[PDB]
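I have placed the structure first, in the form of C-alpha cells, so that the comments after it can refer back to it.
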Amino acid sequence: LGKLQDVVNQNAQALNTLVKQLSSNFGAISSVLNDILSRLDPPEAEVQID
Amino acid sequence: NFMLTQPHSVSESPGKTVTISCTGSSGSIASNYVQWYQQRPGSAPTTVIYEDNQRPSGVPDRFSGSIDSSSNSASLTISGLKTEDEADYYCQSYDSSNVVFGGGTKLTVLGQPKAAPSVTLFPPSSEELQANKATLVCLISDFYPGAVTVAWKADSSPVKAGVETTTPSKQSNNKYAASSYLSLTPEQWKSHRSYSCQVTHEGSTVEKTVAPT
Amino acid sequence: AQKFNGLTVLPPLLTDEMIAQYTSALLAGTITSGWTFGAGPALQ
Amino acid sequence: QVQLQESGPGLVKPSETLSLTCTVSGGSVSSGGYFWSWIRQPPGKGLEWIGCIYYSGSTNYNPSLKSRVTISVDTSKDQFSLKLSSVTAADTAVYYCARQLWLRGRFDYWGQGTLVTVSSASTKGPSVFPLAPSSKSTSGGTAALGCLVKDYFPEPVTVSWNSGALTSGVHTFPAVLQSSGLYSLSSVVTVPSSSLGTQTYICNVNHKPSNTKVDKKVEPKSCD
Amino acid sequence: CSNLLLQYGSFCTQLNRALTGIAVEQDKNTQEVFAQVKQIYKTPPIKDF
Amino acid sequence: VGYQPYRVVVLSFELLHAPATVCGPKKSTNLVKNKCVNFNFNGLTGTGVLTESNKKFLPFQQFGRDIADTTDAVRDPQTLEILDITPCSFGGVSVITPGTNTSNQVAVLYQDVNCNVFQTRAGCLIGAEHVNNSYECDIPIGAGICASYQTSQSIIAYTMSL
Amino acid sequence: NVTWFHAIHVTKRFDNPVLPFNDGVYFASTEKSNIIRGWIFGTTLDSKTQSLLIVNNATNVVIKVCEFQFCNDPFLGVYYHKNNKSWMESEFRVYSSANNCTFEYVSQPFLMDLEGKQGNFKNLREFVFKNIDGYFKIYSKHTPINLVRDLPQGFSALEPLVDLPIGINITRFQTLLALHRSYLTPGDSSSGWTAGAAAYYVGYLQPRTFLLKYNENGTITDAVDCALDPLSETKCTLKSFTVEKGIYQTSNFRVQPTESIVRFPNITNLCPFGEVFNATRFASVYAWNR
Ligand SMILES: *[C@@H]1O[C@H](CO)[C@@H](O)[C@H](O)[C@H]1NC(C)=O
Ligand SMILES: *[C@@H]1O[C@H](CO)[C@@H](O)[C@H](O)[C@H]1NC(C)=O
Ligand SMILES: *[C@@H]1O[C@H](CO)[C@@H](O)[C@H](O)[C@H]1NC(C)=O
Ligand SMILES: *[C@@H]1O[C@H](CO)[C@@H](O)[C@H](O)[C@H]1NC(C)=O
Ligand SMILES: *[C@@H]1O[C@H](CO)[C@@H](O)[C@H](O)[C@H]1NC(C)=O
Ligand SMILES: *[C@@H]1O[C@H](CO)[C@@H](O)[C@H](O)[C@H]1NC(C)=O
Ligand SMILES: *[C@@H]1O[C@H](CO)[C@@H](O)[C@H](O)[C@H]1NC(C)=O
Ligand SMILES: *[C@@H]1O[C@H](CO)[C@@H](O)[C@H](O)[C@H]1NC(C)=O
Ligand SMILES: *[C@@H]1O[C@H](CO)[C@@H](O)[C@H](O)[C@H]1NC(C)=O
C-alpha cells in the first residue's frame, strides 16, 4: 500500500529530522545548551544561547 | 661553420675530480650560453647545468661548470664520480639562429675476468633444406674479453662468402655472448665432406665440426 | 534564462507530443464509442 | 606538470616522406610564449639539431638540413608535426621531441625517443628453422639447443622458450644486417644432456609488424 | 561556506526532499488526467460522421 | 667575423629602497575558448566557457547583462572580441536501480550535462543501452524516455509505450 | 589494491621496508605458528623522538615508547637447543640502547608457540593503528580460517583492546619478524636462516563515510560505502539496505575549472628603446650614450 505508507513514513522522517536538529550547533560552539553554561558564564554565553 | 670540439673518451675511477672540455672553433665560447646534457643509454637526455654556472633543481652540486673564454673552451667539472654517472655528455651552443651540439663524452670508469669460450655448432635443418636454403650457425658465449674472431672452414678451405657474425653482447652472468652465421646453398652443404667453425680467443682456439648426416 | 545560478529546470516526464497523443486517443474514443470505452471495452 | 609524447610510424622507406607527430598533454601550445624543437640522435653518435618552431609561423633550420624539413603547428589538436623529404640510409636516428624553455637555452623537458630505421625492402615474415642438438653440440655434462630466425623485416622479434617458462640459460642475440637487406639472429638455451630425449623444447618466435607467430619444436638430430 | 553549511544540513535535507516531492507530485498530475485509458484508439480514415 | 663593428649595449638594474614599478610582472596569457576556464575580466572571478557571440557592443562598454541580471558577456580587451559566459556545472546525478533480488548493476544518469553511453533528451545516461522498440516502462526518467531491466539481461532504455 | 609482503623461506625472502605511517593503517596477518612478534614506530629512529615499541614476548606483551637506538633492521632470533626439544628466544636484538622515557605498559600475559612450520595457516589476525590528536588506538580480533591466499569475503568487525594516551608525533612504521636457527642452518645471520611461512598485509586508511549495520545483538554486520559504487551510494543515501526500482538523487556533478587566465592590460606599451639600438648612428666608448 502506497497511500497508507507515505503518510506514516513522512511523519516519522519529520520527527527524526526534528530530533536531528538538536544535534547541530547552528553556528555556535556546541549543540547542547547545558555545555556552554557549564564552561562559560551566562553574561558571555548570551549570544550563543540566543 | 661553428662546431664544438669535445673529447670522445674520458675515463676515470670514482672519487676523483675530472674535467670535461668543450672547445669552439670559430665563435668565442662566451658569446652564447652553453648547456651540458647527461644522457643515459636508451633514455632521453636530461639537462644538468644551465647558464654555464647554475645547477638546475635536482642535480647534485658536483655538476660545476667553468668558462675559459681565452682558449674558447667550455669546461664542466665533475667531482666525486659514482656508478650512475656513466652517461653521455654533450655541450650545446646557439651560434646565430642555429643550435650546435657537442661531439660527446662518455664518462667511463676505472668487470669479470677472462672466461672460457664455450662453442656450439648447429647443422642446417631438414625443414630449411626443403625450403632450398641452408645455414650454419656458430655460437660463442661465456667468454671475456669481448673480442672473438671467427673463421668458417669448408673441410680445409676458409669460407668468407655468406658469413655473418655478431658483436659480443653482455650476458646476465656478467659474461659475453656472440655468434656467426654462414648462409649456404643446399648443394654446397653436401659438396664438402665436413664444415667447421674455429673460434680464436686470447690465443686459444676452440674448434667444433659438423657433417651432413 | 534562469539556470545560471543552479536553478535547474527538470523536464517533464510526458512531453507535449504524447499529451497530444493522449488527447487524440480520447477524442477518437468519444466519437466512435461514446462512453463504452471509458467503462470497459470499446463498442463501435 | 606537462609532458611530450611522440607518435607516427617507426619506419620510412628511402626517398620517401617522413611523418612524425609530437603531442602535448598537460599544457597549451600557444600559451607561455615557449618554443618547440626537434632533435635527433643516431645510435652511437651525438645529438643533432634539426629545427625549432614557434606557435606562429617562425621557423629556423639546420643549414645541413635546409630545404628538407617541414614542421607545422596545429593549435586545435595541441600538437605539432615534422615532415622530412628525401630520407636516405644515413637518417637512422632516435628522434626526440624536446620542449625549449629559452631559445638559446636548454631543453628542460625531453620526450621519449622513438626509433626510426630505414631500409630498402618489403616487410616480410621470418623463417624459423629448428636447431637440432647432437653429440657435437655438447661440451661436457651440458648441451645446447636453439632456433634460427632468418630473413625478416623489420626489428624487433621476440623469442620465448616454452611460453616463457624457460628463462635460465636463454640467450637472445642482437640481429645483424645480412648481405641482402634482411636481418638474422638466433636464441639458444643451455640444457643438461640428460633431458634431451625426455623433455620437449618449443621456441616461440613473434614478429609483430608482419603479424606472424611461429612455434617450432626442437628435437635431437636424426641421422638419415 | 560549505563548512558552515553542516550546521544547517538538516534544513537542506527537508528542502531537497520537498522539491523532489513537488517534482514527483507534478509528474503524477499529468498521469491522473490524460492517462485515463490504456489503449490508443486510432481515428478511422472515414470522416463521414 | 672578428673585426666588424658590433653594437654592444648594457642593461643594468638598480636595487635600492624605492618602489619597483618600471617592471611589469603581469603577462597577457593565451586566449582559450569553448572550455571551462576561470577568468578575471576586471570585475569578477567567473568560471565558464567562452563561446563566440553574434552580438556586438557599443564602443564604450565592457560588461554584459541579461534579463536575469547575470554577467554573461564580457568584451575581450586584447582584440575587442565579444565573448559569452555560461556555467558548466548543471544539475546533479541520478542512479537507476532495477531493485532488490532482481539485479545488481546500476545505471548512472546525468541531469543537464552534455556528454553503453546514450545521449538522451534528459541529459546523459551511461550504463544502459538504447533499443529502438517500445514497451511499457516502469522506472520514469523524463522527456518521454524510461529505463527497465529486460533481456543475458541488462538495463535498457526506450521510449515509453502509451 | 592493498600491498602484500612475503615471509616464507622456500628463496630466502626477508623484506622489511620502512613504510610511512599515514592517517591510520590496516595490518592483517594469516598467522599460523606465531612467526611475527610485534611492531616498531617512530619518525627518524635516531634517538631523537618518542618512538613506540609494541612487542609480544613469550611471557608478556611489552609496550614502551622511548628513544631507543634503532638499528637498520631489528629482528628476533630463535635458537634450537640440542638437549631440549623446544624453541626458545635468545637473540634479543631490537635496539642498541635507550636513554629516557615515561610510558610503559605490560597488561595480561600472552602465550604463543615458538615452533615454526611450513604447513597451511589456521588463524587470521587483523590490526588497526590510528593516531587522532596524538591518541593511540588498537583494534584487533582473532578469526580462524583455513586458507593460504585470497582472503574470504566474510564479515568480521574489530574491537578495541587497549587505548594508549601518549600524545606524540608519528609518521613511519615498521613490523618485526622472527627467524629460527635450527641445526640445518650454520647459525649466522648472513646468508643462512629460516623464517617458516607467514604473510602480512599492510593497508592505508582513507577518510570515507561508511554505513554500518547494527543487529539486535549489537555487533557490526555490514559496512556499505558511499564513494565506491553508485549502488552503495544509493544504499547509504537512503539509509537502507534494500533499494526498490526508481530514481534516487545521490550527489551533484561539479565541473571544476582546470585553467585560470587573467589579462588586465592589452600591451605594456613599452617606451621606445629600440631607437637607442637602431639609432641612425651610435656613439663611441669614450663617450657612450646613457
Ligand atoms: C554535446 O557536445 C558535443 C561535442 O562537444 C556536440 O557535438 C553536441 O552538439 C553537444 N550537444 C548539444 C545538445 O549541444
Ligand atoms: C531501430 O529501427 C530503425 C528502423 O529503421 C533503425 O533506423 C534504427 O537504427 C534501429 N535502432 C537500433 C538501435 O538498432
Ligand atoms: C593496483 O594498485 C595500483 C596502485 O595502488 C593501482 O593503480 C591499480 O589500479 C591497482 N590494480 C587494479 C586492478 O585496480
Ligand atoms: C621478553 O621481552 C621483554 C622486553 O620486551 C622482557 O622484559 C622480558 O623479560 C622478556 N622475557 C623473557 C622470558 O626473557
Ligand atoms: C629525554 O632526554 C632528552 C635529552 O636528549 C630530552 O630532550 C627529553 O626532553 C627527555 N625526555 C623527557 C620525557 O624528559
Ligand atoms: C610533529 O610532526 C610534524 C610533521 O610531521 C611537525 O610539523 C610538528 O612540528 C611536529 N610536532 C612535534 C611536537 O614534534
Ligand atoms: C545476540 O543476542 C540475541 C538475544 O539474546 C541472540 O538471539 C543472538 O543469537 C545473539 N547473537 C550472537 C551472535 O550471539
Ligand atoms: C592592445 O594592443 C594590441 C597590440 O598593440 C592591439 O592589437 C589591441 O587592439 C590593443 N587593445 C586595446 C587598445 O584595447
Ligand atoms: C631595427 O630595425 C630593423 C629594420 O627596421 C628591424 O628589423 C629590427 O627589429 C629593429 N631592431 C633591432 C634591435 O635590430
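Chains as they are written, first to last, in the working numbering: chain A, 2 to 51; chain B, 11 to 223; chain C, 13 to 56; chain D, 187 to 410; chain E, 964 to 1012; chain F, 891 to 1052; chain G, 33 to 322. Ideal placement from N, C-alpha and C gives every residue a C-beta, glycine not left out.
Annotation for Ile-50/A: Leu-34 and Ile-37 place their beta carbon closer than 7 Å to its own, counting only its chain and skipping 5 residues before and after.
When C-beta atoms of the region 83 to 90 of chain G are compared with those of the region 137 to 148 of chain G, three or more pairs fall below 8 Å, so the two segments count as touching.
Annotation: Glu-904/F is outside any alpha helix (DSSP H) and is labelled neither H nor E by DSSP. Residues whose Cβ lies closer than 7 Å to any heavy atom of ligand 5, listed in chain order: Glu-99/G, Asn-131/G, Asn-132/G, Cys-133/G and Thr-134/G. When secondary structure is reduced to three states using DSSP, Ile-31/C falls in the helix class. Distance from the Cα of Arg-204/G is smallest, within the candidate group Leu-84/G, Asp-47/G, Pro-192/G and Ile-279/G, for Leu-84/G. Against chain D, the CB of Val-158/B has no partner CB under 8 Å away; the residue lies outside that interface. Within the region 951 to 974 of chain F, the residues whose Cβ lies closer than 9 Å to some Cβ of chain G are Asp-966, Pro-967, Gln-968 and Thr-969, listed in chain order. A Cβ-Cβ separation of about 7 Å places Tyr-232/G in contact with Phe-59/G under the 8 Å criterion.
Distances between the C-beta of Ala-90/G and the heavy atoms of ligand 4 include at least one below 7 Å. Collapsing the DSSP output to three states places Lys-945/F in coil. With respect to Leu-131/B, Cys-32/B sits apart: the two C-beta atoms are not nearer than 8 Å. When only Cα atoms are considered, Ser-35/B and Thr-115/B end up about 18 Å apart. Within chain B, the residues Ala-54 and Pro-55 have their CB atoms less than 8 Å from the CB of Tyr-282/D, given in chain order. Just measuring C-alpha positions, the residue of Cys-208/D, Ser-380/D and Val-374/D sitting nearest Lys-403/D is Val-374/D. The residue among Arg-286/G, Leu-196/G and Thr-274/G with its C-alpha nearest the C-alpha of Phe-135/G is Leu-196/G.
For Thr-993/E, the closest of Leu-19/C, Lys-15/C, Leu-39/C and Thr-27/C by C-alpha to C-alpha distance is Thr-27/C. For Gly-213/B, the three-state secondary structure derived from DSSP is coil. Contact between the region 327 to 341 of chain D and the region 384 to 395 of chain D is present: three or more C-beta pairs spanning the two stretches fall below 8 Å. Going by DSSP, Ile-39/B is part of no beta strand (DSSP E) at all; its letter is neither H nor E.
In this structure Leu-55/C is exposed. Its beta-carbon is surrounded by fewer than 16 other beta-carbon atoms within 10 angstroms. With a cutoff of 7 Å, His-1020/F counts as near ligand 2, since its C-beta is closer than that to a heavy atom of the ligand.
Classified as exposed, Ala-126/B has fewer than 16 neighbouring CB atoms from the shown chains inside 10 Å of its CB. Around the Cβ of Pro-200/D, a 10 Å sphere holds fewer than 16 other Cβ atoms; the residue is exposed.
A contact between stretches requires three or more CB pairs, one per stretch, nearer than 8 Å, and the region 279 to 292 of chain D fails this requirement with the region 357 to 369 of chain D. Around the CB of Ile-957/F, fewer than 16 other CB atoms lie within 10 Å, so the residue is classed as exposed. Of all residues in the region 20 to 36 of chain C, those with a C-beta nearer than 8 Å to a C-beta of chain F are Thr-20, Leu-22, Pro-23, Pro-24, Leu-25, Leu-26, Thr-27, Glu-29, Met-30, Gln-33 and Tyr-34, reading in chain order. Listed along chain E are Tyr-1004, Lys-1005 and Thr-1006, each with a C-beta nearer than 7 Å to that of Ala-40/C. The region 236 to 305 of chain G is shown to contain whole beta strand (DSSP E) runs of 3 or more residues at 242 to 246, 252 to 257, 278 to 284 and 291 to 293, in chain order. In the pairwise beta carbon analysis, the region 298 to 310 of chain D is classified as not touching the region 245 to 259 of chain D: fewer than three pairs are separated by under 8 Å. Here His-393/D is bridged, per DSSP, to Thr-398/D. The beta carbon of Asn-249/G sits closer than 7 Å to at least one heavy atom of ligand 7. The bridge partners DSSP lists for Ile-1016/F are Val-998/F and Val-1007/F. Around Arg-254/D, the same chain offers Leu-270, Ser-271 and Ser-272 as residues with beta carbons nearer than 7 Å, after the five sequence neighbours per side are excluded. With distances taken between CA atoms, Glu-307/G lies nearest to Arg-897/F out of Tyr-893/F, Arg-897/F, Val-891/F and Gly-892/F.
Environment of ligand 8, chain-ordered: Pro-967/F, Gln-968/F, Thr-969/F, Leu-970/F, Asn-298/G and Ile-299/G, taking every residue with Cβ within less than 7 Å of a heavy atom.
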